[PDB]
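The form deposited in one PDB entry is given below as one chain in structure tokens.
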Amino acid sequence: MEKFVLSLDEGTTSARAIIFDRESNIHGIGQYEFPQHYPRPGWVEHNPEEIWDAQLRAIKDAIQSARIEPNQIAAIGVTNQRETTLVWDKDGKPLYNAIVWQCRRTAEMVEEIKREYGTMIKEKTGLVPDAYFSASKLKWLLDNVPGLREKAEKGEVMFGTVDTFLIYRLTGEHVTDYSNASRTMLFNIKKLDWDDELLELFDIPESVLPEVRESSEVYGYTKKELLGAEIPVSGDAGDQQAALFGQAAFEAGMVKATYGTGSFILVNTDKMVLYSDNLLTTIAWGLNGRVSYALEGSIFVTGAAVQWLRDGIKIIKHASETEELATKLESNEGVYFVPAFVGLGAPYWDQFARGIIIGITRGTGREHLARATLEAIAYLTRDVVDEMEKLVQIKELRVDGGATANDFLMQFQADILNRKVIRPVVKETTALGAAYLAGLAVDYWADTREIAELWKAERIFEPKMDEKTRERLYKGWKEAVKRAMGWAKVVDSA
């Protein structure tokens, strides 16, 4: 009887489940949104019970839609939004909301630390000190949740990133993989272990920490009842590395970009550890006793600028609408939108940037905003790829996320880059990457030589814009960006 891999993609706004076959075809999808909690300006929280309930409901639909029995699921892969920090008790009940990777409550605290400790943290961690990472968020939780520092000091608090939470709830194990752990700013990526000086700096009791494992490994087994069969949980990577793995990006020098709420661009650097003042050195995955590294640019707001057109000012009914508006014009006509809704990530790392639409005139319409938002998404990607090029060659880009279906966005992307932008036949690249990691671990697949042969270019966009136009459109953007900078640090009237 035919078996399949189940994969959880617990994203920032939606918890999803995709059942895959050994050719990497999809057989079932469940997806459910759960609420975003904005308790204060620039504070973002998710409720961990709503995550789970959405994540469960999603598994059942994928199963149902695929019409397999539970017994036909060989392995569960887990993947997740990365920096969102949870804490829960032995019976597994949250001691607060998750502080999301998007949340900035720690910005002033990290700004001070960065000054005196920036280089030390970067050398241990690969990371640029920022509110984005777990470390400062655990600290804030420990100092602000009434009686959790004391409970954690009693060895009664479990910390995790989202993969950890989901694996706990599924198997009762307290673990994370190297990739999600590289993201906490507490984990030493050269030594591959929790870092003592860092636990001190942030005042972290160690009892709180999960055990760090590889990215492909049986971590545990599901109660038969949750799902009806007892299934191995065997794959675990942060979502943006799982999309790297989902893209078959298995050799050093291979680059993907995923477009969602934000956009994240990873080059696989393999056994090599590469340094960049303005990008992230991160772990890709741990597989077969070996560790792959990666270089990342993390761009916090890309598709969220399209959500904002639909939901904030409501100039559109759907994201789909953005493309036909945009293509109503033959250029941006001097209109630019730097959507720095809360600061800029890579490579500017300005916690104070805010968003700006500049170049407005009497004729600025819905079409110019649609276009400026789409092009922003392409400029932000280049800001990162150009910084990667200060040290390493970036040939071409493999891409994924809903936005990749927008052909205007995709052609504008290859055009301002002067690089091929390639979308594959599989869509759920993030899900498929956690599936491959799990499948590998119970022999559902034999090796990555095998898996590599499963990957296919659906379409390849080729650059066809000339230098003068590239350079002039990008020079507008660069100038637009300067104007977004520092804004939350002159104003508040906020």
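All residue numbers are counted from 1 along the displayed sequence.
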Exercise. As stated in the PDB record, which stretch has the larger average Cα B-factor, 255-263 or 226-234?
Worked result: 226-234
Exercise. Hey, which bit's got the bigger mean C-alpha B factor in the entry, 374-382 or 304-312?
Worked result: 304-312
For this session: Return the residue from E387, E330, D177, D350 that has the highest Cα B-factor in the entry.
Result: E330
Exercise. Between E83, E153, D130, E296, which one tops the list for C-alpha B-factor in the PDB entry?
Worked result: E153
Problem set entry | Third of chain Cα B-factors occupied by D21 | highest
For this session: Name the third of the chain's ranked CA B-factors that contains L138, choosing lowest, middle or highest.
Result: middle
For this session: Give the position of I59 by CA B-factor within its chain, expressed as the lowest, middle or highest third.
Result: highest
Exercise. Split the chain's modelled residues into thirds by Cα B-factor; is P39 in the lowest, middle or highest one?
Worked result: highest
Problem set entry | Relative C-alpha B-factor of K317, binned into the chain's lowest, middle or highest third | highest
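One more form of this protein, solved in complex with a small molecule, exists but is not displayed; see below.
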For this session: Using a 4.5 Å heavy atom cut-off, indicate which stretch of 412-420, 318-326, 106-114, 348-356 touches the small molecule in the deposited bound form.
Result: 318-326
Exercise. At the 4.5 Å heavy atom threshold, is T261 in contact with the small molecule in the deposited bound form?
Worked result: yes
Exercise. With the cut-off set at 4.5 Å between non-hydrogen atoms, does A304 touch the small molecule in the deposited bound form?
Worked result: yes
Problem set entry | Partner proximity in the deposited bound form: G402 to the small molecule, non-hydrogen atom cutoff 4.5 Å | yes
Exercise. Taking 4.5 angstroms as the cut-off for heavy atoms, does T12 touch the small molecule in the deposited bound form?
Worked result: yes
For this session: Name the single residue among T281, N406, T171, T381 that comes within 4.5 Å of the small molecule in the deposited bound form, judging by heavy atoms.
Result: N406
